[PDB]
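Here it is: the structure, laid out below.
Cβ sites come from the backbone with ideal geometry, for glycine too, and all protein chains shown count toward neighbours. Quick note: the coordinates plus some simple rules give every number you see, no bench work behind them.
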Amino acid sequence: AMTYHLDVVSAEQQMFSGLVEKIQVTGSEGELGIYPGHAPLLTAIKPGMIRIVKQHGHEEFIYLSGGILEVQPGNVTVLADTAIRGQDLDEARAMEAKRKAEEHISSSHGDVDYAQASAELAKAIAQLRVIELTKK
Amino acid sequence: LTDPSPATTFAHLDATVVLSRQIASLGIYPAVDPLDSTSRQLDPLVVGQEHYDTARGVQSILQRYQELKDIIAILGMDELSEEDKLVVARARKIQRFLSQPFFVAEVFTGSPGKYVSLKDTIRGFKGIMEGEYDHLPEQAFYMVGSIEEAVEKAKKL
Amino acid sequence: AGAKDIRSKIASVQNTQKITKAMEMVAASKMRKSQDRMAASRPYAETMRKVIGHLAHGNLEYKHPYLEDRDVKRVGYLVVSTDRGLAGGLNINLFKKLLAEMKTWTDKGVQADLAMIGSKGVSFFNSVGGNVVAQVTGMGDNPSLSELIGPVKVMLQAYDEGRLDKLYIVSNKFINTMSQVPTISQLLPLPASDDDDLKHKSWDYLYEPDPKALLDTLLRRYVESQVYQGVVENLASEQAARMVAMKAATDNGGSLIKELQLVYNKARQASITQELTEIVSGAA
Amino acid sequence: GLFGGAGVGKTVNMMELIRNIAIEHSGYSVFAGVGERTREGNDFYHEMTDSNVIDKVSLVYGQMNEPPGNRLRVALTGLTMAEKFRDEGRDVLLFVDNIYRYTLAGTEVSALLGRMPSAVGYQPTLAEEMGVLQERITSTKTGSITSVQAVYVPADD
Amino acid sequence: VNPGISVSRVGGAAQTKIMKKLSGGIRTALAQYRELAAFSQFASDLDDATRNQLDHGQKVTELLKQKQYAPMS
Amino acid sequence: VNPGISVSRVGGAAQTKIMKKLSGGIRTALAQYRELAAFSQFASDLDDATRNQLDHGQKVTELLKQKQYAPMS
């Protein structure tokens, strides 16, 4: 069952898109489904698989992490926190950034090519005394 | 330099001086190989420490700018270590700094010049050592007058 | 000398150039992948402004605790810091303009707090010293919102605290393929986008709870996107900029190589010479 | 002057010249190889049959099987020979072989001469020889002598 | 043997229309495996044309390898 | 003078059980400081273990000093 204008999207990734004329999904606070003709409103929903009838009677249960999905007049769209925001949580991160800031800490890129490159630069420049012989 | 003629030079040499066709080529009017030339008589004890010392220091700088000169030429300056970069400033500045006018010199270049006073120089040693004038103009320093004079330039220039 | 020092130099040059090309090519590939990849940022944010504002027509009238943010006390700025090598002048420009702003703040004399992201500007600031709450580093090619989170939440503790009125956020926008302009950002300001609330929101708006949750929360979420993206622009831009440097740096040396060619020329001349003088000499 | 080389099929260029001389003009010239891999030569003779145009021009060839006195000598020959046709008031141009072969032959002569070679062991007068050579070519009032030459390119020094 | 550094003006005039015929790509491609192989050192994650071509190249070279004191047909 | 620029086959027979004893690190520091040079080029590539070495080598470096004219105790 495809609706008119619908998409499941994050800027990072659009989960689904196009119309879905039926969507079974559990609203955070209440029962949720999709069917045309309801009025525009906004909500968020708890995480879980959302079984939605889509075009040509495609239907699938789509795991939600939960997040705010809403429908404008004539339009349907799905937003969700990729992960529900943790309480406390990033508090621990503030701790780690106060420790880290206070007590030095590092995190490294992985390009072997960068490593090899460094070798190339030291090594390359290395053993260069040649400038003396050079004249100008 | 291998010139055995030049050998008997240094060999028999008593006093001597040297000149840099790069420094010349640098368009520097004075154009002597400073890094090169040396005074057997120079003694620090004779010179006190301040002379020996300071001179030593500049020598160090020269060593350094010579030293990285490669690294730049290779890499350009993009990677310049802060401190190094700073020194380099002091460097072009210091080279640029040595130059001053000469009274009789107005012939070649219409510009005159003047006799110089050692103590004033000694001052230069410090302020430069200080890099005392932080805003000091590089172009100003060349073929220039005293820190007071170069300060007058500095006013305009 | 004797191609010992001459050729020795030469091999130096050859290996040099090889390294150079490898540098250039690989660098390029990375950059291209970066441009291609970075494109995806707009979607949810765009939603957030359109949506957000449309609501704001008469609804924004209700309250603006968030829009108030913090009163003029401390100012602030976002900061990112580099995980990539030899990228280019960059934090020259950035750290530079930053210094300028800091000057204005002292001129303002207004209080302020620093927060950095990454190692390099951590080396600016850290090196530069300053007043910085905290920094976050090493997320590398894969930036992660979750990685962003802890940093972001610590950030929230400000408007939360309402401790510091305005806070900047800096990254160098893309001047596209030719370039990336540097960019610095207002922040702990309001977004102040008046287009989307221009018309009274037509869509029936039913809010089970009060929107304030969406204000603090949603607001946070959306603002985050701008972060992620400008981060990205900084990123692909990084890849390209370094890529460009590769060519030129590479090219320079060849001249020197030609000079050296002259050196083995003067030298070829020379061996020819001492050899010759010695050849007469052996004739004796 | 000639730059080009193996794989150029320069003979293609030459044949072009053949159609070019007759086709362009009555004037007809010949060149001669010296100090050279024979196979090329005979193949070029066959190539003359294929060319079929060989009639207009002909030459003895050195092929480097030979003693120098001959070799170095050869030049004066062609000098006189075309000197028939430019002497004929006809006018023409001939190709020319590896000079370094030629001048170098100069040195081998000079060692032979027992004379002190020029520097880098050239023929102490080798320039003089060049005087002979380059000096030779002229477009007379009544004749024209052009030519092209490929000399052994020595390391591109 | 110097891999293509060595050179012969003569060529394959005497070569068997099969042996003659079939022999080309080794010169050129083999050149490109040495030559091309360069990136690998620094480079990484290359596309497949590189992958297969390169494999055929390197391993092919292995095939080239020949035992001392050994005859051929 | 440079470590290893100058060498003597006679070696440490003259060196005294104390003098002989205590004298080892020179070469490595030599090496080290010398070797230290290697990464100096690649600016800022190294951690504190390195820094402790290198520092120690700067330190030894300093430790070398002599007057233009001095007696030795």
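Going by alpha carbons, how many degrees (0 to 90, nearest 10) lie between the helix axis of A:90-102 and the longest principal axis of chain A?
10
Output ³J(HN,Hα) for region C:238-253: one whole-Hz value per residue in order, computed from phi by the Karplus curve 6.51 cos²θ - 1.76 cosθ + 1.60 with θ = phi - 60°, and x for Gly and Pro.
Per-residue couplings from phi come out as 3, 3, 5, 4, 3, 3, 5, 3, 3, 4, 4, 3, 3, 4, 3, x Hz.
Would you mind checking C:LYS30/C:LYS258; B:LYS69/B:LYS93; A:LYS54/C:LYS33; C:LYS4/C:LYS258; A:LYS98/B:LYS85; A:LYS135/C:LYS266 for any pair whose Cα atoms are more than 22 angstrom apart?
On the way: C:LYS30/C:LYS258 31 Å; B:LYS69/B:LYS93 15 Å; A:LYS54/C:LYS33 34 Å; C:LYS4/C:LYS258 17 Å; A:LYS98/B:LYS85 32 Å; A:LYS135/C:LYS266 12 Å.
In this structure, C:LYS30/C:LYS258; A:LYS54/C:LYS33; A:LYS98/B:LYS85 lie more than 22 Å apart at Cα.
Explain nothing, just the number: dipole magnitude of the protein assembly as shown about its Cα centre with +1 on each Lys and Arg Cβ and -1 on each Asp and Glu Cβ, in debye rounded to the nearest 20.
Its charge dipole is roughly 2560 debye.
Okay, next question. How about C:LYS173: which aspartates and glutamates have a C-alpha closer than 19 Å to its C-alpha, ignoring those fewer than 8 places off in the same chain?
Counting by Cα, and skipping residues close in sequence, C:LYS173 has these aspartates and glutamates nearby: C:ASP36, C:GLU46, C:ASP83, C:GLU101, C:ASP141, C:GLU224, C:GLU233, C:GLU238.
Here's a follow-up. What dipole magnitude, in Debye to the nearest 20, does region C:60-205 give about its Cα centre under +1 on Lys/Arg Cβ and -1 on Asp/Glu Cβ? Write down the numbers at each step before the final one.
Details: 16 positive and 18 negative charges, 127 e Å.
With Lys and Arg at +1 and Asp and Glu at -1, about 620 debye.
Tilt of helix A:112-125 relative to the longest C-alpha principal axis of chain A, in degrees (0 to 90, nearest 10)?
So the helix axis and the longest Cα principal axis differ by about 20 degrees.
Under the classification rounded if a/c is under 1.5, otherwise prolate if a/b is larger than b/c and oblate if not, where does region B:40-110 fall, given a ≥ b ≥ c as square roots of the Cα gyration tensor eigenvalues? Can you show the working numbers first?
On the way: a/c = 2.88, a/b = 1.25, b/c = 2.31.
Cα axes put region B:40-110 in the oblate bin.
Give me C:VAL51, D:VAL153 sorted ascending by neighbouring Cβ count inside 10 Å, so fewest comes first.
Working: C:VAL51 24, D:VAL153 12.
Exposure proxy ranking, most exposed first: D:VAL153, C:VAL51.
Antiparallel as a % of all DSSP beta bridges within the protein assembly as shown, to the nearest 5? Numbers along the way, then the final one.
On the way: 20 of 38 bridges.
Here the antiparallel bridges make up roughly 55 percent for the protein assembly as shown.
Can I ask one more? For n ≥ 4 DSSP H runs only, could you compute -39500 (n - 2.57) per run for chain E, divide by its residues and tell me the 222 nm figure to the nearest 500? Present the calculation step by step, with values, prior to reporting the outcome.
On the way: 3 runs with 30 residues, N = 73.
Rounded to the nearest 500, it is -12000 deg cm²/dmol.
Which of C:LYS166/C:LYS201; C:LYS18/E:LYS67; A:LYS123/C:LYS247 have a Cα-Cα distance over 22 Å? Let's see the in-between values first.
Working: C:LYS166/C:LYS201 29 Å; C:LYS18/E:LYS67 33 Å; A:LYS123/C:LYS247 20 Å.
Over 22 Å Cα-Cα: C:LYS166/C:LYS201; C:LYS18/E:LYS67.
For helix F:26-41, report the angle its Cα long axis makes with the longest principal axis of the Cα atoms of chain F; keep it between 0 and 90° and round to the nearest 10°.
Roughly 20 degrees between the two axes.
Which of the GluC sites (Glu not before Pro) found in region C:7-103 are loop residues per DSSP with 10 or fewer other Cβ atoms within 10 Å of their Cβ?
Numbers: sites: C:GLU24, C:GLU46, C:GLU61, C:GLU68, C:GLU101; in loops: C:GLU61.
Sites meeting the loop and neighbour criteria: C:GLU61.
Moving to a separate point now. Give me, ordered by chain and number, the residues 5 or more places off D:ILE145 or on other chains with an amide H under 5 Å from its own placed amide H.
D:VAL92, D:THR138, D:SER139, D:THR140
Let me ask something else about it. Can you order the peptides B:85-92, A:118-125 by their average number of other Cβ atoms within 10 Å per residue, highest first?
On the way: B:85-92: 16.4, A:118-125: 18.2.
Result, highest mean Cβ count within 10 Å first: A:118-125, B:85-92.
At 7 angstrom along the Cα-to-beta-carbon line, where would the label on E:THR16 sit relative to the other copies? Give the distances in nm, shortest first.
8.5
Let me ask another. Could you work out the Kirkwood radius for region A:3-89, taking every pair of different alpha carbons, averaging 1/r and inverting it, reported in Å? Walk me through the numbers before you get to the answer.
Working: mean 1/r = 0.0775 Å⁻¹.
The Cα-based Kirkwood calculation yields 12.9 Å.
For a quick check of your reading of the filter: which GluC sites (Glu not before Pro) in region B:118-157 sit in a DSSP loop and have no more than 16 other Cβ atoms within 10 Å? Let's see the in-between values first.
Working: sites: B:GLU130, B:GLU132, B:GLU138, B:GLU148, B:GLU149, B:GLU152; in loops: B:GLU132, B:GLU148.
Here the sparse-neighbourhood loop sites are B:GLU132, B:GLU148.
If the reach is capped at under 18 angstrom between alpha carbons, list the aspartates and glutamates near D:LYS141, excluding any in the same chain fewer than eight residues apart.
D:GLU83, D:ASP87, D:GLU88, D:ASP91
What do you get for trypsin sites (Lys or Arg not before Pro) in region D:29-113 restricted to DSSP loop and a cutoff of at most 15 other Cβ within 10 Å of the site's Cβ?
On the way: sites: D:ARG37, D:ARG39, D:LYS56, D:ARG71, D:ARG73, D:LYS84, D:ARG86, D:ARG90, D:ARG101; in loops: D:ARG37, D:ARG86, D:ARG90.
Of the trypsin sites (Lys or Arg not before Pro), the ones in loops of region D:29-113 whose Cβ has at most 15 other Cβ atoms within 10 Å are D:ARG37.
Right, something else. For chain C, give the magnitude of the charge dipole about the Cα centre (Cβ charges: +1 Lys/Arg, -1 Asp/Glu; no others), in debye to the nearest 20. Don't skip to the answer; put the middle values down first.
On the way: 36 positive and 32 negative charges, 246 e Å.
Dipole size: approximately 1180 debye.
Same structure, new question: Indicate, rounded to the nearest 5 percent, the antiparallel portion of the DSSP beta bridges found entirely in region C:60-205.
On the way: 1 of 9 bridges.
Around 10 percent of the beta bridges assigned by DSSP in region C:60-205 are antiparallel ones.
Another question, then. For chain B, just say rounded, prolate or oblate: build the C-alpha gyration tensor, square-root its eigenvalues into a ≥ b ≥ c, call rounded for a/c under 1.5, and beyond that prolate if a/b exceeds b/c, oblate if not.
Details: a/c = 1.39, a/b = 1.14, b/c = 1.22.
Note, shape of chain B comes out rounded.
Okay, moving on. Quick query: amide H of C:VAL132 versus all other amide H atoms, modeled in the peptide plane; which residues come in under 5 Å with a sequence gap of 5 or more or a different chain?
The list, which skips near neighbours in sequence, is C:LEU114.
Under 5 Å between amide hydrogens, which residues at least 5 positions from D:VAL96 or on another chain qualify, with H placed 1.01 Å from N in the peptide plane?
D:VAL148, D:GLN149, D:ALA150
Output wanted: per-residue J couplings in Hz (rounded whole) for region C:110-120, from phi through Karplus 6.51 cos²θ - 1.76 cosθ + 1.60, θ = phi - 60°, x for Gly and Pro.
5, 5, 7, 9, 9, 8, 10, 9, x, 7, 6
List, in order, the whole-Hz ³J(HN,Hα) value for each residue of region C:10-26 obtained from phi through the Karplus relation with A = 6.51, B = -1.76, C = 1.60 and θ = phi - 60°; use x for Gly and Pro.
Each residue of region C:10-26 in turn: 4, 3, 3, 5, 5, 3, 3, 4, 3, 3, 4, 4, 3, 3, 4, 3, 3 Hz.
Here is a further query. Taking the label point as lying 7 angstrom from Cα along the Cα-to-Cβ axis, what are the distances from E:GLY4 to the corresponding position in the remaining copies, in ascending order and in nanometres?
Result, one decimal in nm: 3.8.
Need one word for chain C: rounded, prolate or oblate. Basis is the Cα gyration tensor (sqrt eigenvalues a ≥ b ≥ c); a/c below 1.5 gives rounded, then a/b vs b/c decides.
Numbers: a/c = 4.17, a/b = 2.79, b/c = 1.49.
Because a/c hits 1.5 or more and a/b exceeds b/c, chain C counts as prolate.
Mind checking which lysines have their Cα closer than 20 Å to the Cα of C:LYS199? Skip sequence neighbours fewer than 8 apart in that chain.
C:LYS50, C:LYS63
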